[PDB]
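> This one's experimental. Sequence and coordinates below.
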Amino acid sequence: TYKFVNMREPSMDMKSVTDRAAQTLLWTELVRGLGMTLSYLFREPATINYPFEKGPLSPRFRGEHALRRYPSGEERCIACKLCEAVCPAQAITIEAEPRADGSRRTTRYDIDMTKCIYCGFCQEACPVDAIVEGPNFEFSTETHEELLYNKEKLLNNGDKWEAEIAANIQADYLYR
Amino acid sequence: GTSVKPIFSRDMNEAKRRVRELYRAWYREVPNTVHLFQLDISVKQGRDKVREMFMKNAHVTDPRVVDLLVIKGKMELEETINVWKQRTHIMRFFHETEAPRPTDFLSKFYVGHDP
Amino acid sequence: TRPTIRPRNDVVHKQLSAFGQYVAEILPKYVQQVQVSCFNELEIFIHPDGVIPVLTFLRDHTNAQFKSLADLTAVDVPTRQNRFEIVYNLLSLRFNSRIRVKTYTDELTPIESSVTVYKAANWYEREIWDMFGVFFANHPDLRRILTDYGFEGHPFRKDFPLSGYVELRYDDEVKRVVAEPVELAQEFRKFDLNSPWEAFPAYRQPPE
Amino acid sequence: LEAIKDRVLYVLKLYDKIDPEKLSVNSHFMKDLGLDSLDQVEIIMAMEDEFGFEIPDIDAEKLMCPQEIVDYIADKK
Amino acid sequence: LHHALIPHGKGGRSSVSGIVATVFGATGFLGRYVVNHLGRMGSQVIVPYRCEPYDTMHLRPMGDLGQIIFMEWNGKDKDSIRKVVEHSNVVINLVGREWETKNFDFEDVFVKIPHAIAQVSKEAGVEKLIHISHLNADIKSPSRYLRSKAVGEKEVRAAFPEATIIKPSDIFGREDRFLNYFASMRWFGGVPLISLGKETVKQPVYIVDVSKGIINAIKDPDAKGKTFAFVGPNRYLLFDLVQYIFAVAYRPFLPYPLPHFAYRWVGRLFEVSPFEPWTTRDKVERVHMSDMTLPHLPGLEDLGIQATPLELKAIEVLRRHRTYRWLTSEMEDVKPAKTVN
Amino acid sequence: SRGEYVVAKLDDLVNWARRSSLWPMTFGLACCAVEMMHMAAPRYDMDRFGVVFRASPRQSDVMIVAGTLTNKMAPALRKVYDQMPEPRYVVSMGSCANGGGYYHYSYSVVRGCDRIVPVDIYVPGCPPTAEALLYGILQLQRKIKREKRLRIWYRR
Amino acid sequence: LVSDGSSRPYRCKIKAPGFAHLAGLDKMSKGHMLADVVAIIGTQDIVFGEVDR
Ligand SMILES: CCCCCCCCCCCCCCCCC[C@@H](O)O[C@H](CO[C@H](O)CCCCCCCCCCCCCCC)COP(=O)(O)OCC[N+](C)(C)C
Ligand SMILES: NC(=O)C1=CN([C@@H]2O[C@H](COP(=O)(O)OP(=O)(O)OC[C@H]3O[C@@H](n4cnc5c(N)ncnc54)[C@H](OP(=O)(O)O)[C@@H]3O)[C@@H](O)[C@H]2O)C=CC1
Ligand SMILES: *P(=O)(O)OCC(C)(C)[C@H](O)C(=O)NCCC(=O)NCCSC(=O)CCCCCCCCCCCCC
Ligand code: SF4
Ligand code: SF4
Ligand code: SF4
């Protein structure tokens, strides 16, 4: 079905003609606009007092990346390069070798945060929940190089935000 | 196909005629390009660059390729006349910020693995 | 029922096949081939010099009122003698249908401009020229539309590198932006993702 | 026509690739002077600069000698 | 060589040139040009600065990621000098003021600081040291600037015997002093000249040529302990040079002779400015002084650079000084000045 | 010292006005510009901080390079940055403006606006939230506070 | 979308509605002024991400 947005015609009776003439001479719709603006003036603003008040977020939020650990302290990543393969922007670089104890562990794990699109495919493709996109988003830097993370920086982020990341994963892991 | 569809100009004589017409159009435009863009080059330098750009395709012996080249040359000229370009592109024609690339075998051997 | 399998539409398939036969009978001079894909999309492969007559017929004929030019693009296949494949997608509002018309051309062969049939062909053919190097004969204003001013090469060709040949930066010595040969801090990493096991028996080709 | 001749010779002598010592009213551009198509085109454009009138391309190709140039200009006044 | 210092690439922005250069006084005219050339080549550049970090902003886009490093330094701090020259195999010295502030004088900027940089660089094991001096550096020169230049050159050679000492004549460019100083005399009515500028001969050198020579001296293996003189291809009288400058700027030229003592007093008046002075007595002395001729010293042709004549790059500097009436006038519109060769 | 005290207080006074009176240029590219609009929206009102958009680059103090910078656009961005008078600051927003973003290996994309203009602040995201950009603006303000121009001049 | 049987699309042409509208902008601005052109652009509702791709 369909409907007409502008197809009406005004009645030409004397009362309607005089009403339209009064609206033309006495700016009735302009006064209506003024009244609406005044109403909004007397309403309460929606502005939050940042940074003392923070906007709402969800456990699924994608923020700064992190590399997690098992509760024993061992790194979760097994150098399977699934995140590197699935990364749309090719922002992940991985190089691995057998560790001193023979574990399959990375020696280089770099993420370029100026190349990443924060799409979250890396945490979807991880079969051990090693790489995650944490909740932090206030990590703006004064220099370009500070946004070229490596394994040490990502492990530091994981250790720094482990509690919140673990809580969010517990809250949202039944939808995954 | 033996009977290739001609863009225009048929044989190479009309293609050469179009080449000369485009060369005249470019030649009469260099003073205006220098004046409007406020280039620091000489008018002689601009004419020499137009001549060089024309001469780098002097080995073409196909009328269709020549017609496409003159079409693209007219496109480039109409970009310059309407000041659609900036001084950036006009100077990009000159490669003013490149180091002189070595061309002798010994220098190429010294600098790197480039053939 | 099969919940995971898209249902077929035999009615639409038959209607499209009948209309393809109709147009092939009407225009034998240009129509080289007619196909109907199994998801009900009609395709017509015509000779390149029949673009104007075929489009005019499909636009003005009472039984084929394809008033709207939905799309116009090209596909580059280097392994063919005529690499470029010009594709026209047309929409018929009166009969609530869509059609596709495909022609072929190479680097040096012009394709007649279809701006006298549809006006959107102006910018669509400008984009085709800018991105593939296909020249359209009677174009009112044929010039680059998307690439940079003075850009060399046609980016969407299969043989044009992903990062191109030049890159831009601001040079303080000359107080202007300059274009210099491309040089990447990290090279794009080429992945070989194809599995060596055949996926679809239905599309197997004769070994020849 | 002597005025036209001296004007044409003055234009020719200003061209860098033209050798004034071997330059003469009968010197051919392609053979005697060893020029090419673009040099002749530039000479024709310079001639248009001096006399201030249009030279068609088909006419421009029939001006391979200074004598031919002055004859063409005289016929065109 | 260390495996990290082996050149790689095609000499682009993202290549490795094997040069780690600490560029003192990089926050300047010649400094910015040299840093730009190094970064374009693809070298590691350390920029010791004492000014506000805001004034070092233009040097950031001059190199790829991690190639430009900014480290705060103090001129009279050997600890800071060692910190900034610890890991660089080339050290370039371009520090110099044309006036004397309360804390730094010509002795400080041209003798003490260059000597400290040379001595600390020798201890740190820096392979190459380029030191910039002035062509007219005379021990008995009337100018304190040039006297300090000569003394500091001797001190630098004593401290670092394997140095390359470069003596540009008069650098002219966009952010220069020379052409701008001569073209900024419009505001003071006419142009005061000592002896009407008839007794002074100068051959200015192009800034890009100076920077290219400095870069080539680094890559030249047999320029270790040498002294180069960088001068332009043409020598002009001061009157002819200023006349050409005003002709290119399309400003009326009204020169007049001013006696030397009166000009010195005028310079004394202008140097009371706490900010950057417009002119000083030393500047007047240098302008009046004729550029020396040093045939024995090598030059740009010896380093592989063809000197760019003034008549080609004068319009880059002097077009800014024109008005809207003559903004679009072409380079060829002004005849070249009368040279003295 | 009296002079050092005077110049320190004067520098604090000057830096306060520039810190609290930021006038970004009305300049947005691609998707990242929508987050600037949501920052200007009532929820995260930028105007309350002293951040007011102005159209002319002459009357602008900050350029927010928000979105992808292409080769065809780089000369215009450089031109407007040059026409913006000093003191001037640059905040790059999003992966495209920071580095290459989703289009790093593209023939028609500049891998970082810092190849063209000196960048003071980098805001990471795709797109960074309005909160993230507001944090970047506050960080830029704090960076302005630490400038000591009169103190550099006095000890020069 | 054109697929050649592999896991990566062979061809992907994107038809954005704003491309044709912006192409037709010139005709809609006949006999109008600068403010009218501003209004016409607004009513065409152009997003240049989809226009350019
Ligand atoms: C006519 C000539 C010009 C007149 C200029 C003088 C008249 C104006 C006097 C100065 C105006 C007020 C300046 C002081 C502003 C105080 C506001 C207060 O909030 O600022 C605090 C302190 O102000 C500054 O930090 C100190 C510098 C400003 C005062 C400078 C010292 C006095 C200078 C001389 C004043 C008199 C001028 C005499 C010479 C003309 C910290 O603010 P800040 O941390 O940022 O904000 C963070 C965001 N928060 C609030 C949510 C947390
Ligand atoms: N320019 C010319 O015409 C000629 C110059 N030269 C010499 O070339 C060199 C470069 O000259 P130029 O670039 O034109 O001059 P500038 O004044 O423009 O540059 C001087 C540089 O040295 C720094 N500097 C000055 N004083 C000090 C100090 N006390 N402590 C630390 N750093 C300091 C400046 O930094 P900041 O911003 O902090 O002051 C700036 O980076 C100088 O040595 C000069 O004598 C030689 C011949 C001709
Ligand atoms: P004579 O006829 O013997 O010689 C004619 C020439 C020299 C052209 C050849 O011998 C010739 O005819 N060759 C045949 C092939 C051919 O047609 N070559 C010419 C190709 S047309 C061409 O290449 C046009 C290029 C476009 C122009 C470039 C524009 C550059 C402008 C720069 C301006 C600088 C800023 C001011
Ligand atoms: S969020 Fe997406 S773009 Fe970013 S690193 Fe993960 S897979 Fe790559
Ligand atoms: S997907 Fe997970 S386990 Fe695999 S390489 Fe990436 S971070 Fe490591
Ligand atoms: S960084 Fe992401 S959101 Fe921002 S312009 Fe690029 S693609 Fe768009």
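Great, that's in hand. Residues are numbered from 1 along each chain as shown, chains lettered A, B, ... in the order given. Ligands and ions are numbered 1, 2, ... in the order given.

> What residues does chain B have near chain C?
B:4-5, B:7, B:62, B:64-65, B:68, B:71, B:75-76, B:78-79, B:84-89, B:91-93, B:96-98 (CB under 8 Å from any CB of the partner chain). For every residue, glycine as well, the C-beta is placed using N, CA and C.

> are any of the residues you listed buried, and which?
Neighbour-count burial (16 or more other CB atoms under 10 Å in any protein chain shown) is assigned, among the residues of chain B next to chain C, to B:7, B:64, B:68, B:71, B:76, B:79, B:85-89, B:91-93, B:97.

> So the residue in chain C positioned nearest to chain A, which state does it fall into?
Nearest residue of chain C to chain A (CB to the nearest CB) works out as residue C:189 at 6.2 Å. What DSSP: H, G, I helix; E, B strand; the rest coil gives for residue C:189 is coil.

> That one: what's its closest spatial neighbour, skipping adjacent residues?
Nearest non-adjacent residue to residue C:189, counting by CB to CB, 6 or more residues apart in numbering or on different chains: residue A:90, 6.2 Å away.

> wait, what's in contact with the one you found?
Applying CB atoms under 8 Å, 6 or more residues apart in numbering or on different chains to residue A:90 gives the contacts A:115, C:188, C:189, F:104, F:105.

> Just name the closest of those to ligand 3, please.
residue F:105 (29.7 Å; CB to the nearest ligand atom).

> In three-state terms, label that closest one for me.
Residue F:105 is classified as coil under three-state DSSP.

> What's the local residue count around the nearest residue to it once chain neighbours are set aside?
Leaving aside its chain neighbours, residue F:105 sits nearest to residue C:188 (4.5 Å; criterion: CB to CB, 6+ apart). Residue C:188 has 12 neighbours, counted by other CB atoms under 10 Å in any protein chain shown.

> do the same with residue C:16
22.

> Also residue C:24?
Considering only other CB under 10 Å, residue C:24 is surrounded by 16 other residues.

> and it, what is it in contact with?
So residue C:24 contacts C:31, C:34, C:44 (CB under 8 Å, 6+ apart).

> could you dump those residues to TSV with neighbour count, distance to chain B and secondary structure?
Shown next, in TSV, are these (neighbours: other CB atoms under 10 Å in any protein chain shown; distance: CB to the nearest CB, whole Å; DSSP: H, G, I helix; E, B strand; the rest coil):
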residue	neighbour count	distance to chain B	secondary structure
C:31	19	20	strand
C:34	18	25	strand
C:44	23	22	strand
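
> out of those residues, which one sits closest to chain F?
The closest of those to chain F turns out to be residue C:44 (CB to the nearest CB; 33.9 Å).

> ok, now how distant is that closest one from residue F:90?
According to CB to CB, to the nearest Å, residue C:44 stands 54 Å off from residue F:90.

> quick one, what contacts residue F:48?
Counted by CB under 8 Å, 6+ apart, residue F:48 has contacts residue A:47.

> Swap in 10 Å and give it another go.
A:45, A:47, A:49, A:50 (CB atoms under 10 Å, 6 or more residues apart in numbering or on different chains).

> which among those residues end up buried?
Here the buried ones among the contacts of residue F:48, as counted with 16+ other CB under 10 Å, turn out to be residue A:50.

> Between the contacts of residue F:48, which sits nearest chain F?
Checking the contacts of residue F:48 one by one against chain F (CB to the nearest CB), the nearest turns out to be residue A:47, at 4.6 Å.

> and that closest one, what is it in contact with?
Counting by CB under 10 Å, 6+ apart, residue A:47 has contacts A:53, F:41, F:42, F:43, F:44, F:45, F:47, F:48.

> residues contacting whichever residue of chain F sits closest to chain B?
Residue nearest to chain B within chain F: residue F:75 (4.8 Å; CB to the nearest CB). Counting by CB under 10 Å, 6+ apart, residue F:75 touches B:85, B:86, B:87, B:88, B:89, C:148, C:149, C:168, C:170, C:176, C:177, F:116.

> related to what we said a few turns ago, do I have it right that the residue of chain C closest to chain A meets residue A:93?
Yes - using CB atoms under 10 Å, residue C:189 is in contact with residue A:93, at 8.6 Å.

> anything in contact with each of these two?
residue A:84.

> Name the residue in those two with the higher neighbour count.
residue A:93 (17 against 9).

> Show me what the more buried one is bridged to.
residue A:110 (DSSP bridges).

> any idea how far it is from residue A:127?
Taking CB to CB, one finds residue A:93 at 19 Å from residue A:127.

> Quick check: longest helix in chain D by residues?
When chain D is parsed with DSSP state H, its longest helix is helix D:37-51.

> which of the residues in it are buried?
In terms of neighbour count (16+ other CB under 10 Å), helix D:37-51 has its buried residues at D:38, D:39, D:40, D:41, D:42, D:43, D:44, D:47, D:51.

> From the residues you listed, pick out the ones that also neighbour ligand 3.
Applying CB under 6 Å from any ligand atom to those, one finds that residue D:38 fall near ligand 3.

> Out of the buried residues of helix D:37-51, which is nearest to residue E:123?
residue D:38 (63.6 Å; CB to CB).

> Correct me if wrong: the closest one contacts residue B:48.
No - if you go by CB under 10 Å, residue D:38 and residue B:48 don't touch, sitting 11.4 Å apart.

> one step back: how near is the residue of chain C closest to chain A to chain D?
48 Å (CB to the nearest CB, to the nearest Å).

> How about residue B:58?
9 Å.

> show me where chain G has strands.
With DSSP state E as the criterion, chain G has no strands.

> Can you pull up the most central residue in it?
What sits nearest the mean C-alpha location of chain G, by CA atoms, centre = their mean, is residue G:19, with 1.8 Å.

> out of all of them, which helix in chain C is the longest?
Per DSSP H, chain C has its longest helix at helix C:10-26.

> Please apply the same query to chain F.
helix F:2-20.

> So which other helices or strands are in contact with the helix or strand that that helix is followed by?
Following helix F:2-20 in sequence order, the next helix or strand is helix F:32-40 (DSSP states H and E). If you count contacts as 3 or more CB pairs under 10 Å, 6 or more residues apart in numbering or on different chains; DSSP states H and E, helix F:32-40 packs onto strand F:62-66, strand F:89-93, helix F:94-98, helix F:130-145.
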